[PDB]
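# Chain and residue survey
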Number of protein chains: 2
Amino acid sequence: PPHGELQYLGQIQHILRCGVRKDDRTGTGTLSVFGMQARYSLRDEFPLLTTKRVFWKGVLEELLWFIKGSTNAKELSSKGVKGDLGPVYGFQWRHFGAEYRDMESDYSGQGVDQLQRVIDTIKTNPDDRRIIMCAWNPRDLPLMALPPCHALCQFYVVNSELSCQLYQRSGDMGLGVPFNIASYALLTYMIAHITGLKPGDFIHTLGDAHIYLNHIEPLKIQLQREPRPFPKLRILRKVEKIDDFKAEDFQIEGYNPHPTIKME
Amino acid sequence: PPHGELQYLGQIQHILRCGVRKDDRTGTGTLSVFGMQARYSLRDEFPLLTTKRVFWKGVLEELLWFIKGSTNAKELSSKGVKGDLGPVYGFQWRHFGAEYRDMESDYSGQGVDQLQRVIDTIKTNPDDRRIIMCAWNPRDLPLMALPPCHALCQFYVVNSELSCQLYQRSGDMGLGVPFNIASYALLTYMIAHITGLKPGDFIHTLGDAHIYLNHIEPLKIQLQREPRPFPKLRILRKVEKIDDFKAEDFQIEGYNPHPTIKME
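Residues numbered from 1 in each chain as written, not as in the entry; some residues may be left out. Chains lettered and ligands numbered in written order. Heavy atoms only, no water.

### A few points about the overall build of chain A
Stated precisely, the cut-off is as follows: Helix and strand assignments follow DSSP, with helices taken as H or I runs no shorter than four residues and strands as E runs no shorter than two, numbered in order from the N terminus. Two things to know: the radius of gyration comes from C-alpha atoms, and the globule rule equals 2.2 Å times the number of residues to the power 0.38. For every residue, the accessible area (1.4 Å probe, protein chains only) is compared with the maximum for its type, and the residue is labelled buried under 20%, exposed over 50%, or partly exposed between those bounds. A 1.4 Å probe and the Shrake-Rupley method give the accessible areas. Residues count as covered only by the protein chains that appear here. For the charge count, each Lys or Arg is scored as positive and each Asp or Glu as negative, with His and the chain ends excluded. To locate a charge, take NZ of a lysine, CZ of an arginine, CG of an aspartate or CD of a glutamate.
Scanning chain A from terminus to terminus reveals 7 helices and 12 strands. In summary, chain A has a C-alpha radius of gyration of 18 Å against a globular reference of 18 Å for 264 residues, a match within 12%. Judged by the C-alpha coordinates and their principal axes, chain A covers about 50 × 45 × 35 Å. A burial count over chain A gives 57% of its 264 residues as buried. When the accessible surface of chain A is split by element, carbon and sulfur atoms take 51% of a total near 11900 Å². Distance between charge centroids for chain A: 4 Å, based on 32 positive and 31 negative side chains.

Here it is in structure tokens:
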């Protein structure tokens, strides 16, 4: 009617032609172009890509683990999904601001719950702009005092529609980008459900978008494939508290993608 | 060859048709669409708009005042440009992190200089991504603990080219947007000059981009105008320390715009 994945596939085509090779931190090289925007409509649909299969469970899983605010991977890895680890996403969202030691020390009564606030601001003053929500890459926290956020998701409501816009500092188009999309979208699909709203749009802004050398060919192949009609997620239940969203409370329907694509 | 202002004018046309009216904090109403991207090339040119006149001096002025890290408006207003004020931009960049009281109390030996760092990271590890640089709207600092950044400018280098991408939380397309462009671009035009680089691209990402009701008509008129060839800024001198950039060290040339447009 248009198509959205087209957006993805499009930039991809762009990356591969006239993107410049550049080597990152690990040392591995990539092709990357600075700055990219994509808008995926979340209205009566779900941007869970079709020109390749996406680990939906892998998404919904991990997501619920962050919202549940746990720093223990086993809390997520205990569902076939990939001595502790550290302050990942499932802590920088809820128990942020309070000194962390381990995972079995209930911070219930600690932290500056970044997520709730958002959920609340939508309930209080939707006409606001500063509905932002930062997040960080653990590897940088002590790496340097006053460490810059890896991402952030400004929210936006109007005409009863919630629409998130994600801005990542760096982008791994290969297997990263496809993931986050359905991820944050899912999140957005949940917030609005508990904030009496209706899903609007997803916008994915990026800083250093890149492709990894050992990823080109498969993607070259991935291009030939043709996007199919997007899914449609259904939250099979009524909730009001973000922390009760149980795993089996979502049902993807209308999802028939092209074969997987093992990327490194 | 394309044209860049076209980008501006384009989104504008978009805002006006099928943008939704929405009232902000002041209470005044506007038309706004969530999410927008524009890329202005800074190569042998300067994105200082032509389908209306821009207060270049007003830009260069204020800019030098932030880089100079002063919280005293008189330090800038003392050049015909618009008991103290507070932590504006000329402090959140340099003396950030240290308790502020007034303006005549030299913090020279205080603060977590956000700008220098960037200038330095370009000198140290350009292949990096986290070249970000936050900033805030003073009105929110005590307004709420853990206040979200109003903006941020991730930097990016490659093939000897520095290219900034500015992401603002909210956007005033009317008279705001045109300003910042030449602003941050100018900044970028200076950083690369002291970091042995060459200007690349400007990308202007936005969250809530809007138009003010009492701005429509003039803009409607502003559209009819046709973009002229962009300027070309010349830094008439060689420097290496960002704090010596004197006012009269820039020379805009090739700037012949359409008449001004007093906007509210």
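### Some points on helix α2 (residues 56-67) of chain B
Each α-helix turn comprises 3.6 residues. Residues three or four places apart therefore point the same way. Residues and elements named next belong to chain B. Inclusion rule: Here, expected helix span is obtained from the residue count minus one, scaled by 1.5 Å.
Here α2 spans 16 Å end to end across 12 residues, near enough to the 16 Å set by a 1.5 Å rise per residue. Most of α2 sits out of view: 10 of its 12 residues are buried. Among the residues of α2, those classed as buried are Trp 56, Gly 58, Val 59, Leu 60, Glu 61, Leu 63, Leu 64, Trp 65, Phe 66 and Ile 67. One or two positions beyond α2, positive phi appears at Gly 69, with a value near 60°.

### Thoughts on the relation of the copies chain B and chain A
Between the two copies of the chain lies a relationship made up of a rotation around an axis and a movement along it. Under the convention used in this document: A least-squares superposition on the C-alpha atoms brings the copies onto one another. Only heavy atoms matter for contacts: two residues are in contact if any of them lie within 4.5 Å across the pair.
The two copies are related by a screw motion: chain B maps onto chain A through a turn of 180° and a shift of 0.0 Å along the axis, at an RMSD of 0.0 Å. In the structure described here, the two chain copies are related by an operation that fits a two-fold rotation axis. Taking C-alpha positions as the reference, the residue of chain B nearest the rotation axis is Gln37(B), at 3.3 Å. A share of 100% of the interface residues of chain B reappears at the interface of chain A, consistent with the copies meeting face to face through the same patch.

### Regarding the sheet that holds strand β6 (residues 157-158) of chain B
Residues and elements named next belong to chain B. So the rule is basically this: Strand pairing is assigned whenever DSSP identifies at least 2 bridges connecting the two strands.
An order of β6-β7-β9 is seen for the 3 strands of this open sheet, with the pairing classed as mixed. The sheet is open, and its two edges are formed by β6 and β9 (198-199), each paired on a single side. Pairing analysis gives 2 bridges linking β6 to strand β7 (residues 161-162), with the strands arranged antiparallel. From the neighbouring strand, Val 157 faces β7, where its bridge partner is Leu 162.

### Here's the deal with unusual backbone geometry
Residues and elements named next belong to chain B. One non-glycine residue, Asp 44, lies in positive phi territory at about 55°. Here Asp 44 lies in the loop between β3 (39-41) and α2. Its identity is not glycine, yet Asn 159 carries a phi of approximately 50°, on the positive side. Relative to the helices and strands, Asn 159 resides in the loop between β6 and β7.

### A short note on the interface of chain B and chain A
Filter applied, for reference: Buried area adds together the accessible area that both of two parts lose upon being put together, with accessible area traced by a 1.4 Å probe. By definition here, a salt bridge exists when the distance from a side-chain nitrogen of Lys or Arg to a carboxyl oxygen of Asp or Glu is within 4 Å. Throughout this description, a polar contact denotes any pair of N or O atoms lying within 3.5 Å of each other; where both atoms belong to protein, one of them has to be capable of donating a hydrogen while the other can accept it, and for residues adjacent in sequence the pair is counted only when both atoms sit in side chains. Note on residue classes: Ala, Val, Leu, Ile, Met, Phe, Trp, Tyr, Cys and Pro are nonpolar, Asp, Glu, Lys and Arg are charged, and everything else, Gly too, is polar.
Contacts between the two partners involve 45 residues from chain B, matched on the other side by 45 residues from chain A. Here chain B and chain A share an interface that buries about 4100 Å² over both sides, 56% of which is from carbon and sulfur atoms. A per-residue breakdown of the area chain B buries against chain A is headed by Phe34(B), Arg129(B) and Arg130(B), which together make up 21% of the total. One can count 4 salt bridges joining chain B with chain A. Residues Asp140(A) and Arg130(B) are paired through a salt bridge, measuring 2.5 Å at the closest nitrogen-oxygen approach. Here chain B and chain A share 27 residue pairs in polar contact between them. Looking at the side of chain B that touches chain A, the element that brings in the most residues is strand β10 (residues 201-212) of chain B, giving 6 residues. Tallied by class, residues from the side of chain B that touches chain A come to 23 nonpolar, 11 polar and 11 charged.

### Digging into the UniProt feature "active site" in chain A
Rule in force here: UniProt positions are given in the numbering used here, feature names are shortened, and annotations may be inferred rather than shown by experiment.
Sequence positions flagged by UniProt for "active site" are, in local numbering, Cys149(A). In this structure, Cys149(A) sits in the loop between β4 (134-135) and β5 (151-154). Excluding residues that lie within four positions of it along the chain, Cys149(A) makes contacts with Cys134(A), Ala135(A), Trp136(A), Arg169(A) and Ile132(B).

### Section: the environment of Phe245(A)
All names here are of chain A. Assignment of secondary structure puts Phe 245 in the loop between β11 (232-234) and β12 (251-253). Residue classification places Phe 245 among the buried positions, given a relative accessible area of 7%. For the pair formed by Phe 245 and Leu 152, sequence separation is 93 residues and the distance between their alpha carbons is 22 Å. Among all residues touching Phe 245, those that are not within four sequence positions of it are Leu 64, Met 190, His 193, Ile 194 and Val 239.

### Some details on the packing of helix α1 (residues 5-16) of chain A against helix α7 (residues 216-224) of chain A
Residues and elements named next belong to chain A. Inclusion rule: Helix axes use the C-alpha atoms of the stretch in contact, all axes being lines fitted to C-alpha atoms, and the angles between their N-to-C directions lie in the range 0 to 180 degrees. Reported orientations rely on four angle classes, namely roughly parallel under 35 degrees, roughly antiparallel over 145, roughly perpendicular from 65 to 115, and oblique for the rest. Less than a right angle of anticlockwise turn of the near helix away from the far helix marks a crossing as left-handed, whereas a clockwise turn marks it as right-handed.
Viewed as axis vectors pointing N to C, α1 and α7 meet at an angle of 135°, and their least axial separation amounts to 11 Å. Compared by their axis directions, α1 and α7 come out oblique. Relative to α7, α1 is oriented so that their crossing is left-handed. Contacts between α1 and α7 involve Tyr 8, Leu 9, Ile 12, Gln 13 and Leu 16 from the first element and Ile 216, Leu 219, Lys 220, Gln 222 and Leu 223 from the second. Across the contact of α1 with α7, the residue classes tally to 7 nonpolar, 2 polar and 1 charged.

### Here we look at the pattern of salt bridges
Think of it this way: side chains of opposite charge can pair up when their charged atoms draw near. According to the stated counting rule, one finds 30 salt bridges over all chains in the structure shown. Residue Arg169(B) pairs with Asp140(B) through a salt bridge whose shortest N-O separation is 3.9 Å. In this pair, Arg169(B) sits in strand β8 (residues 165-172) while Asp140(B) sits in the loop between β4 (134-135) and β5 (151-154), placing the two residues 29 residues apart along the sequence. Each of the two residues, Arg169(B) as well as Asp140(B), counts as buried. Here the salt bridges do not stand alone but share partners, grouping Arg39(A), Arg43(A), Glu161(A), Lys198(A) and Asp201(A) into one network.

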